[PDB]
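The chain below stands alone and is given as structure tokens, in the form deposited in one PDB entry.
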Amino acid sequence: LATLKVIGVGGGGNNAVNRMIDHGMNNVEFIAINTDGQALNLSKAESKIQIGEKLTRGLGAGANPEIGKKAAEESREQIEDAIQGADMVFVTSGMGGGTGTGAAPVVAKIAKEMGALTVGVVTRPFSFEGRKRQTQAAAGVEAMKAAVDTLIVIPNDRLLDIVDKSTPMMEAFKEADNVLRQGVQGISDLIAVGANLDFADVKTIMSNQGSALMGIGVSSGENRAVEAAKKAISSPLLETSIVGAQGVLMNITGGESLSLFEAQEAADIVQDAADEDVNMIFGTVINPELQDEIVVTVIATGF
């Protein structure tokens, strides 16, 4: 099999990883990296790494990406042990901050150099979070694009239609914790439990590609495979049409009622909606706790 590890860098990344653990995510190994020691105490993650004990004194990075970066460099040795043995690494974070913006490109570089498959699933701050935060976000993404094989970036501003009414500012990122889960889980489930899936294909589809898009669709009808896939390619999470992708990774997740016929019939929707020369690979994941629900996750990389 393959050894998959999910690393959360920063408070936001660590909070998303907490949600992943809480949601019942499995097949994967969680790691929590923060400069803030006291917030790292709140991590459900099995392995915890506090970085920049000297630089920060466990106080935090003060939303300074320069501090977060040196913190990771200072503890580069400790990061390497965590990543050791990993076939795939996920770097989960939120950009615009200090620990996430600065240190996550370091963890991503350390992982990719060690021969792991590095995908980073990160977010972009809300428009209201600041002007500095958006500024350090963009620079953080660019430092992430270079450091990783494939990068999925989800602007929080697109999650603004699905945010729960009367929610406070402190709970504003609950949907970010979900969408970060959907991206990490959509891939993790497909490798570890997927049916038509072999790792070298993922490696090919996702290595040194750069930017990617994520679409999730859910349906429970007679033609749920078609419906969920059509929802997936028409998802509000993709910035643009999937047609520009020269690779597509598709996860069809369903219960025991999910057939070979259903899987391909769903995959036909995703392949018309993309260029005719795409390398598309899909697989089936079985969660027996699903009776009539089916979830389709597509990752469109290549542009």
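Note that residue numbering follows the sequence shown and begins at 1. Rigid core (definition): largest C-alpha set, two forms, superposition within 1.5 Å.
When the two stretches 200 to 208 and 183 to 191 are set side by side, the higher mean Cα temperature factor goes to 200 to 208.
For the segment pair 140 to 148 and 77 to 85, the entry gives 77 to 85 the higher mean B-factor, averaged over Cα atoms. Note on 258, 51, 63, 250: the highest value goes to 51, judged by CA B factor as recorded. Between the residues 217, 105, 168, 98, the entry's highest C-alpha temperature factor is the one at 168. When the modelled residues of the chain are ordered by C-alpha B-factor, residue 44 sits in the lowest third. Sort the chain's modelled residues by C-alpha temperature factor and residue 25 lands in the highest third, per the entry.
The PDB entry assigns residue 32 a C-alpha temperature factor belonging to the lowest third of its chain's modelled residues. Residue 291 sits in the middle third of its chain by CA B factor, as recorded in the PDB entry. Sort the chain's modelled residues by C-alpha temperature factor and residue 116 lands in the middle third, per the entry.
The same protein has a further form, the form deposited in another entry, not shown here; the description that follows concerns it.
Note: rigid core superposed between this form and the one not shown; among 55, 238, 63, 45, the CA shift is 2 Å or more only at 238. After superposing the rigid core, the C-alpha of residue 223 moves by 2 Å or more between this form and the one not shown. With a cut-off of 2 Å and the rigid core superposed, residue 21 has a Cα displacement that falls short of the cut-off between this form and the one not shown. Taking 2 Å as the criterion, residue 143 does not count as shifted between this form and the one not shown: its C-alpha moves by less than this amount when the rigid core is aligned. Panel note: the distance between the CA atoms of residue 95 and residue 184 is larger in that other deposited form than in this form, the difference being 3 Å or more. The gap between the Cα atoms of residue 218 and residue 124 is larger in that other deposited form, by no less than 3 Å, than in this form.
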